[PDB]
Structure formats: structure tokens, C-alpha cells
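Chemist: pasting the first bit of my complex, frame unchanged:
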Amino acid sequence: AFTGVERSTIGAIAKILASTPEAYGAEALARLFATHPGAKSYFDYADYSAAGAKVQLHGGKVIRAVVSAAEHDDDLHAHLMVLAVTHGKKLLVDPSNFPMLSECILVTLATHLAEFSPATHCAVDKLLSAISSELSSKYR
Amino acid sequence: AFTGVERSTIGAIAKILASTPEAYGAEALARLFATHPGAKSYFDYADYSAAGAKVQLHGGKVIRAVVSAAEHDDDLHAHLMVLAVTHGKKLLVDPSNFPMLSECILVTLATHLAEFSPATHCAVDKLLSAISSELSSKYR
Amino acid sequence: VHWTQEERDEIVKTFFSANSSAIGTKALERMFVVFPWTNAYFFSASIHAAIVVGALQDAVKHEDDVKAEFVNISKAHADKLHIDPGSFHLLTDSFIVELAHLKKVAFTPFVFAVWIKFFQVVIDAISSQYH
């Protein structure tokens, strides 16, 4: 599913995320909570904005993991199994939430990156879709 | 991830569906159109009920493909690739339609089958979700 | 939200004739199996089914005003119980499957679309106080 041109583009995006995973993460989760408040139901937080300590914490973990998925483009099924088990069996997050978060990550990049062309967006969205798929795979 | 009990139940449901594919498929489609009329957009039909001749024809094709998928539980990616290309690149079906149809096939089974336990329903839904996933795999 | 008489009658007569408690108990057990993550929050299935079915009857009693009767139920789900609203339709879709089970050939695509519509109205009502 990954063309040479997408692999390159994902690589470059991964490197920029890696520099500031908590900032990117906290913002994407703040978007989630604002545009889909049902997602707040999983989190016992006082502050659901990007300012929130616990939002920052989860946000970095999200983005660090996306970065790693990016460094695992041809292995994603095996690479993501640990996380699929935690989300799917321990935390029991309803799988409908993964593609909401994906779109919130994409919107965050659009507000930040000098360049977010339709080709680049397509590339990242493909990475996020594969991530959502794996994270949704160990529920039942 | 099909347990032997799931494999066996799926096998059982597949033989049932195999006996009357047009019956089952035309009903599942009339359900799709009735519950999600946005789905009619793809079909230049005059009759969208299970009595429609073109409903019956697509219906049979759908159900036979499910039956045949039920024989490929271990290699659905390879198996459903042509159908994924056909739906994704030629027919250009918005993938959100696939789970709507799946649920409509589940309801159809529930109105007809001599036994539709939560265990059996789960086995089938997992198959259908696997199918939806493949058919959504070759858009981009 | 505008209802046809056929829709009002199908929903009202079913509630007045079928054992919707029994339907609920089975729909809860179904949702737990098909959608295991929904068991997180939960106990007796039949006693909880009574309370759920109470709320639905409340909705049926007031088909034009479901939201306004659902305020407090909605707040409880969002603020105290912290139920993911994205999971509401997994219960209501299980109800439809148990309705299919009961009604068999009478569960026509038309009648099926009636229940779908009723449940969507329910979902919107119980989702309304998530902020």
C-alpha cells in the first residue's frame, strides 16, 4: 500500500513529529475532545485542552507510537500487536474512536506544517488508517 | 482470529446462505436501501425492494462472494483483491457503505435462522468485518 | 423529527404486546458477546434491562419529545457513568437483532427501518448532554 513517494513523505513527517511529540499529541487529543466530546469518557482529567498535564502525557505517547509505526511500514501487523492488546483488551476503547483521532492528527499537521499538500495528506492518512486497523484488531 | 468453533459456525451459516443466495442477498439489499437510502445513489433501479430484478441479481452475487470468502478465512486479503479493485476503482463505492450492508446481512440472518446466538452472530460479524476491510483496501 | 402513523403504531403496539424487557435482557447479553468492550462498565442483565426498557417506554410515551424527557438520563451517562456515546448504537443495534429474532418474516425492510429510526431518535436524545 506504500509507494516510494509516500514512504519518503511519511519519513519526513515522522521526523518532524519526533521533534515535538507532546505538542503535536496534546493538540490532536484537544481537537478530539472539542469536536467529539464522547471521547472524554475514557479520561478522568481536569483539563481537556493541550495545556493539560495528562493530555500532554497521552499525546506524546500517541505521537511517539505513530512515529514508530512510520519506522515499521512493512511490519505494522506485528509491530502494533502490543498496542492493539492494550487498547483492545485492557483499556477497551471503542474502535470508532481511532479514525476520529486520526482526522484530528491530520488537522493538527495542516495547522503546523509549511507544506501539507493533498499528496502528503493522502500519505499520512494511509499510515493512520493502517494504524487504526491494527489498533482495532484484537477486540474479539 | 477464528477459533475452531467460529470456523465451524461460519461453515454452517455459509451452507445455509449457499442454498438461497438471491433470496438472502436481495433481502439484505432491500434492508440497506430502506435503512440507508443514501445507498440507492449507486444503483439505477426502478425497484429497490427484494422483488427488484436487479436487486436479486446483485443480491445473489453478494451472497455467493460471502460464501466463497467463508472458504478463505486464512487468505482473505489475496482472495478479495479483485472484488476490492472492482468496488474501489471501477464502481467507486464509498467504503462507509460496507458495514451498513454487513449489518443488514446480519439482520437478514436473524429473521431466518433456526439459531442466531450471540456467539454465532459474533462469528459472522467478524467474517463480514474482515470482508469490509478488504473491500475498503484498494481505494488509494 | 416527523413520524408517520405507521411508525407510531408499529413502535406502540410492539411495546404493548411484546416482552421488551426480555428483548432488552437478550440485547444486553448479545452486545456483551459481539462487542466485548461494552462490558467494561457493568450486576444483573434482566434487572438492568428493566431500567433501560423503562426509558424506552418513556420515549414511546412521548414520541415527539424524546430529547426533553431524556435530559437527566443523558447527563447521568455523560457525567456520572462516563459511557462512550459512540457505543449507544451497539446496544440499540442488538435490540434490532432481537426484534428480528422475534418478528421473523414480519420484520420487513420497512418495519426494520421503523426501528432504526426510533433508535436513532433514542441515540440522539441520550447523546444530547455530552459536552
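Modeler: Now that the structure is in, tell me what you want to look at. Numbering: from 1, shown residues only, chains lettered A, B, ... in the order given.

Chemist: and stretch C:75-90, anywhere near chain A?
Modeler: Yes - using CB under 8 Å from any CB of the partner chain, stretch C:75-90 reaches chain A at C:78, C:82-87, C:90. The way it works is simple: take the backbone N, C-alpha and C, and place the C-beta from them, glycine included.

Chemist: Checking that stretch against chain B, do any of its residues make contact.
Modeler: No - figure legend: stretch C:75-90 not in contact with chain B (CB under 8 Å from any CB); closest approach 9.9 Å.

Chemist: Please state the offset of that stretch from the chain centre?
Modeler: Relative to its parent chain, stretch C:75-90 has a centroid offset of 13 Å by CA atoms, centre = their mean, to the nearest Å.

Chemist: Skipping adjacent residues, who's closest to residue C:33 in space?
Modeler: Excluding the flanking residues, the one nearest residue C:33 by CB to CB, 6 or more residues apart in numbering or on different chains is residue B:118, at 3.4 Å.

Chemist: who are the neighbours in contact with that neighbour?
Modeler: Going by CB atoms under 8 Å, 6 or more residues apart in numbering or on different chains, residue B:118 touches C:29-30, C:32-34.

Chemist: Show me just the buried residues among those.
Modeler: C:29-30, C:32-34 (16 or more other CB atoms under 10 Å in any protein chain shown).

Chemist: in the chain, which spans are helices?
Modeler: No chain specified, so I'll use chain A. Remark: helices assigned in chain A by DSSP state H are A:4-19, A:21-35, A:53-70, A:76-79, A:81-85, A:97-112, A:118-135.

Chemist: my bad, the chain I had in mind was chain C
Modeler: With helices called from DSSP H, chain C shows them at C:5-15, C:20-34, C:45-61, C:66-75, C:88-103, C:109-127.

Chemist: Compare the ones you listed and report which one is nearest to residue B:91.
Modeler: Of all the helices of chain C, helix C:109-127 sits nearest to residue B:91, with 22.5 Å by CB to CB.

Chemist: Okay, buried residues for the closest one please.
Modeler: C:109, C:111-119, C:121-127.

Chemist: If we check chain A, which of these are in contact?
Modeler: Checking the buried residues of helix C:109-127 against chain A (CB under 8 Å from any CB), the matches are residue C:127.

Chemist: Close to chain C: what parts of chain A are there?
Modeler: Residues of chain A lying near chain C by CB under 8 Å from any CB: A:37-42, A:88, A:92-97, A:139-140.

Chemist: now with 6 Å?
Modeler: Residues of chain A lying near chain C by CB under 6 Å from any CB of the partner chain: A:37-38, A:41, A:92, A:94, A:96, A:139-140.

Chemist: Of those residues, just say which sits nearest to chain B.
Modeler: residue A:140 (6.3 Å; CB to the nearest CB).

Chemist: which residues sit in contact with residue C:45?
Modeler: Contacts of residue C:45 were listed using CB atoms under 6 Å, 6 or more residues apart in numbering or on different chains, and they are C:25, C:28-29.

Chemist: May I see the residues you listed organised as JSON lines, with distance to residue A:61 added?
Modeler: Output for the contacts of residue C:45, formatted as JSON lines (distance: CB to CB, whole Å):
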{"residue": "C:25", "distance to residue A:61": "39"}
{"residue": "C:28", "distance to residue A:61": "33"}
{"residue": "C:29", "distance to residue A:61": "35"}
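
Chemist: need these in a markdown table with distance to chain A, can you?
Modeler: Below are the contacts of residue C:45 laid out as a markdown table (distance: CB to the nearest CB, whole Å):
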| residue | distance to chain A |
| --- | --- |
| C:25 | 21 |
| C:28 | 16 |
| C:29 | 15 |
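
Chemist: Identify the residues contacting the residue positioned nearest the centre of chain C.
Modeler: Nearest to the mean C-alpha position of chain C, counting by CA atoms, centre = their mean, stands residue C:92 at 4.6 Å. For residue C:92, the contacting residues are residue C:119, by CB under 6 Å, 6+ apart.

Chemist: go with 10 Å
Modeler: C:27, C:31, C:56, C:115-116, C:118-120, C:122-123, C:126 (CB atoms under 10 Å, 6 or more residues apart in numbering or on different chains).

Chemist: Append chain D to the structure above:
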Amino acid sequence: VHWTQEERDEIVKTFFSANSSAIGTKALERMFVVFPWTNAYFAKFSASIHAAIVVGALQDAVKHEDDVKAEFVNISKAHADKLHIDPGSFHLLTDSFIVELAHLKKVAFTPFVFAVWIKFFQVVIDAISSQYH
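Modeler: So that you can see how it sits with the rest, here is chain D on the chains above:
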């Protein structure tokens, strides 16, 4: 739908001064690359011309934030009854618009302002979906 003044102002000021046709043109173009199956309706052509149509309708919703449903009757019938647009694909357009508003507004596109635009677009999606039967 009830609206705060910040919601009205955020939408209204944006349509007043932003180059909304250029936004629409890029959003449409984006939606084609990100969601290719959506180009199926346009085989049957300038993205820019089409954006001008959409943007006029958005402006119509803007001018009437409290009665959008009522202004979209004929628009919606056309999409359901003549053009055969899958209504499940409407948000692919509006989500691309949101991506284009993010690109214009940068850090001003806060999660909060983001949610104003999502609310706006869902009212629009509901309005243009209302005549699918």
C-alpha cells in the same frame, strides 16, 4: 441548533474576508486525492467552477445560520434525486474544507475554533441530506 456569538462571528467574518472560492477549489482538489472515489461524480470540468457552486450554497447557509435546513430543500433534492450523490460522502468534502481552513488559519484554528467549523458543517450536512428518501 443554537449558536454562540463567537460561532456566528467566527463563520461570518471568515466568509466575509477569506477567499472562500479558492478554499473550496483546494478542498475539492484535496478530497479527490485523499478520497478518489469522490471523483466519480465529475467524470459525468473545472474544480474551481464547482467550488463556486458549493461556496454560494455555504454563503446561503451563512446568511441564515438558524434556518439552513429550509434553504437547502431544492439543493438537497437535486443531490438525492437528479445527481445521485452518496450522502455519506458529503463530510469528505466538508472535512477537506476544514483542512483548508486549518492551512489558512494556522494557530488561530484552535481546537475550539475547529469545533465551531465542525458544528457549522454538520448543520450543512444535515440540511443537504434531508431529502434523501
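
Chemist: again for the contacts of residue C:45, since chain D is there now?
Modeler: C:24-29, C:32.

Chemist: can you list those residues in JSON lines and add distance to residue C:17?
Modeler: Listed next are those as JSON lines, based on distance: CB to CB, whole Å:
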{"residue": "C:24", "distance to residue C:17": "15"}
{"residue": "C:25", "distance to residue C:17": "17"}
{"residue": "C:26", "distance to residue C:17": "17"}
{"residue": "C:27", "distance to residue C:17": "17"}
{"residue": "C:28", "distance to residue C:17": "21"}
{"residue": "C:29", "distance to residue C:17": "22"}
{"residue": "C:32", "distance to residue C:17": "27"}
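
Chemist: For chain D, tell me which of those show up nearby.
Modeler: Among those, not one lies near chain D by CB under 10 Å from any CB of the partner chain.

Chemist: Of those, which is the most crowded?
Modeler: residue C:27 (27 neighbours; other CB atoms under 10 Å in any protein chain shown).

Chemist: isn't that residue right next to residue C:35, touching?
Modeler: No - using CB atoms under 10 Å, residue C:27 is not in contact with residue C:35; the gap is 11.3 Å.

Chemist: Show me the common contact partners of those two, please.
Modeler: With CB under 10 Å, 6+ apart as the test, residue C:27 and residue C:35 both reach B:118, C:90-91, C:93-94.

Chemist: So which residues on chain A come close to chain D?
Modeler: Close to chain D, as judged by CB under 10 Å from any CB, chain A has residues A:26-37, A:48-50, A:103-104, A:106-113, A:115-126.

Chemist: from what I can see residue C:86 touches residue A:100, true?
Modeler: Yes - contact criterion CB under 10 Å: residue C:86 and residue A:100 qualify, at 8.3 Å.

Chemist: More neighbours: these two, which one.
Modeler: Just comparing residue C:86 and residue A:100: by other CB under 10 Å the higher neighbour count belongs to residue C:86, 20 against 16.

Chemist: Find the nearest non-adjacent residue to that one, please.
Modeler: Of all residues not flanking residue C:86 in the chain, residue A:96 sits nearest, at 4.5 Å (CB to CB, 6+ apart).

Chemist: and stretch A:97-112, anywhere near chain B?
Modeler: No - judged by CB under 10 Å from any CB, stretch A:97-112 stays clear of chain B, getting no closer than 10.7 Å.

Chemist: Is chain A within reach of stretch C:65-74?
Modeler: No - figure legend: stretch C:65-74 not in contact with chain A (CB under 10 Å from any CB); closest approach 11.7 Å.

Chemist: Got a quick PyMOL command for the buried subset of the shared contacts of residue C:27 and residue C:35?
Modeler: To isolate the buried ones among the shared contacts of residue C:27 and residue C:35 in PyMOL, judged by 16+ other CB under 10 Å, type:
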select buried, (chain B and resi 118) or (chain C and resi 90+91+93+94)
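
Chemist: Would you mind listing what in chain A touches chain B?
Modeler: For chain A, the residues in contact with chain B (CB under 10 Å from any CB) are A:1, A:6, A:122-123, A:125-126, A:129, A:133, A:136-140.

Chemist: Got a ChimeraX select line for the buried ones in those?
Modeler: In ChimeraX syntax, the buried subset of the residues of chain A next to chain B is picked out as below (16+ other CB under 10 Å):
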select /A:6,122,123,125,126,129,133,136,137,138,139,140
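
Chemist: Identify, from the residues of chain A next to chain B, the entry nearest to residue C:18.
Modeler: Using CB to CB, the residues of chain A next to chain B come closest to residue C:18 at residue A:140, 28.9 Å.

Chemist: Residue C:41 touches residue C:87, doesn't it?
Modeler: Yes - the criterion here is CB under 10 Å, and residue C:41 meets it with residue C:87 at 9.0 Å.

Chemist: which residues are common contacts for those two?
Modeler: Counting by CB under 10 Å, 6+ apart, the shared contacts of residue C:41 and residue C:87 are residue A:41.

Chemist: More neighbours: which of the two?
Modeler: Each of residue C:41 and residue C:87 has its neighbours counted (other CB under 10 Å); residue C:87 has more, 20 against 14.

Chemist: Tell me the one among the contacts of residue C:45 nearest to chain D.
Modeler: In terms of CB to the nearest CB, no member of the contacts of residue C:45 lies closer to chain D than residue C:27, at 26.1 Å.

Chemist: This completes my enquiry, with thanks.
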